[PDB]
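This report concerns only the one structure given below.
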Amino acid sequence: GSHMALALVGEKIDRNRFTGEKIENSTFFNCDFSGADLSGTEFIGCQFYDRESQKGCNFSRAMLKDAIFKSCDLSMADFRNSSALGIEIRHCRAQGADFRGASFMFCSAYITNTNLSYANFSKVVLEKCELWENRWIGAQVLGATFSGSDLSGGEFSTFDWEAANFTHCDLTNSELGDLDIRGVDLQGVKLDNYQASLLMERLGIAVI
Amino acid sequence: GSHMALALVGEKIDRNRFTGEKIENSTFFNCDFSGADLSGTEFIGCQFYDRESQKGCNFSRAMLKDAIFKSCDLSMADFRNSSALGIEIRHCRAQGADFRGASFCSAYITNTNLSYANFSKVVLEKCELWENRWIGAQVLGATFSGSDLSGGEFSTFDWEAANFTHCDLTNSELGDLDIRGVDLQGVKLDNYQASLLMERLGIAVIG
């Protein structure tokens, strides 16, 4: 089934209300999707963040297997302890979204072209996932692992490279902020020539 | 004056015998030039090494200001404590040559085989030292700071032993240089070299 221009406020969403459904140009303000089965559910052009109340929606413990969020505002969304294997978040605003305890598992996740500023990834396991072209300013990554993921095209100013595992990641074509090859384990990491020159410059070396 | 196709063996060279002269295509086997005045002396195509005795020539404490050696075999030459400001050594073999105590900064040593040469404690700052082979050269306590070493071959070379800050190292085989253990402030490296040094840290440079 498909839904267009819904506008829900303050609702508890029943576990099976939207499973496998397609929802477009809809608003969900202060809604509780916790425990909901959103397997295969596809949200396009939807807003889950309420400018007035400044509340997001609750997705904690939701089943999000193969769910899709395209061009949605998921600012301040609570995804804690969700089951998110194969989730897609594409071209979304996800500022302050909370992923702690979410499972993406072997891992699979596609979070791309997404504003992840101030999002919380503490202790999250996102190994060998698709995580490119995101904005990561102030993202909380304490104890996380992104090992092997493609993070390329990313904006990593105000980002603690020492806080998470980045080994084997693709970091090419990214603003690296304060990354330094003397202080961070970069085994297996991919970087581009422009980034290599910058990083070497930090050591006082001029790459000609 | 100039001189061509001389052959000397086992001679002690008079202090003023060759001062300011040009000497070409000559042989000097086991000859002692120590303390000789060789200011402005030019040697071209000369052999100073005798493979039959495996002995070089002695230039210790020689005055070598503005001297030139081009296309010469200076293997095993003893240059210790010489005065060599502005010396030119170009396209020479200088394997095992000893430069300990030699004073230069201005010097041009280029396109030269310096394998197993001794540069211990030598000061060669801001000099032209490019396209040389440095395999096994001894450099403990030397400083090459600011010199152009580009086009060089540096396998079996102790990068930790001397001062290489501000050097041009571009287009060189770097041997075991590692950015973790060596001060490389001001050093110039090319993109290929940067990629190799990163590779040592496990980092793959792609595009």
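What follows is calculated from the coordinates using simple rules that are stated; it is not laboratory data. Positions of Cβ are generated from backbone atoms using ideal geometry, with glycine treated the same way; all protein chains shown enter the neighbour counts.
Say whether the condition of being part of a strand (DSSP E or B), crowded, with 16+ Cβ neighbours inside 10 Å and of a type in the set (A, V, I, L, M) is met by at least one residue in the stretch B:180-192. Yes, because at least one residue in the stretch B:180-192 is part of a strand (DSSP E or B), crowded, with 16+ Cβ neighbours inside 10 Å and of a type in the set (A, V, I, L, M). Given the condition over 12 Å from the mean Cα position of the chain (by Cα), in a loop (DSSP other than H, G, I, E, B) and surrounded by fewer than 16 Cβ atoms within 10 Å (Cβ to Cβ), answer yes or no: does some residue in the stretch B:142-151 qualify? No, that holds for no residue. Restricting attention to the stretch B:183-194, the residues being over 22 Å from the mean Cα position of the chain (by Cα) and within 15 Å of residue B:145 (Cβ to Cβ) number 3. Taking the condition acidic (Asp, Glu) and surrounded by 15 or more Cβ atoms within 10 Å (Cβ to Cβ), does residue B:14 pass? Spelling it out, it is not the case that residue B:14 is acidic (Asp, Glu) and surrounded by 15 or more Cβ atoms within 10 Å (Cβ to Cβ). Here's a check for you: in the stretch B:164-173, which residue that is more than 10 Å from chain A (Cβ to nearest Cβ) and crowded, with 18+ Cβ neighbours inside 10 Å is farthest from residue B:144 (Cα to Cα)? Among those residues, the one meeting the criterion is B:172. Being touching a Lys or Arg at 6+ places or on another chain (Cβ under 9 Å), more than 18 Å from residue B:3 (Cα to Cα), surrounded by 20 or more Cβ atoms within 10 Å (Cβ to Cβ) and not basic (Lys, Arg) is the requirement here; does residue B:94 meet it? In short, no. Consider the stretch B:37-52 and keep the residues that are more than 20 Å from the chain's Cα centre (by Cα) and part of a loop (DSSP other than H, G, I, E, B). The one that is nearest to residue B:88 (Cα to Cα) is B:51. Note on the stretch B:174-207: residues that are more than 7 Å from chain A (Cβ to nearest Cβ) and in contact with a helix residue (DSSP H, G or I) (Cβ under 9 Å, 6 or more places away or on another chain) total 4. In the stretch B:95-137, what residues are basic (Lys, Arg) and closer than 17 Å to residue B:81 by Cβ? Once the filter is applied, which keeps residues that are basic (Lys, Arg) and closer than 17 Å to residue B:81 by Cβ, the stretch B:95-137 yields B:100, B:121. For residue B:129, the conditions (1) within 14 Å of chain A (Cβ to nearest Cβ); (2) surrounded by 20 or more Cβ atoms within 10 Å (Cβ to Cβ) all hold with the exception of (1). Within the stretch B:87-130, the set of residues being within 22 Å of residue B:46 (Cα to Cα) and in a strand (DSSP E or B) comprises B:87, B:88, B:89, B:90, B:93, B:98, B:107, B:108, B:109, B:110, B:113, B:118. Hey, does the stretch A:98-120 have a residue that's acidic (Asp, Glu), within 14 Å of chain B (Cβ to nearest Cβ) and surrounded by 20 or more Cβ atoms within 10 Å (Cβ to Cβ)? No, every residue in the stretch A:98-120 fails to be acidic (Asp, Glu), within 14 Å of chain B (Cβ to nearest Cβ) and surrounded by 20 or more Cβ atoms within 10 Å (Cβ to Cβ). Taking the listed residues B:135, B:179, the one that is under 14 Å from the mean Cα position of the chain (by Cα) and of a type in the set (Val, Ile, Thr) is B:135, with no other qualifying. With respect to residue B:141, determine if the residue is among the small types (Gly, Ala, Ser) and within 26 Å of residue A:188 (Cα to Cα). Judged against the criteria, residue B:141 is not a match.
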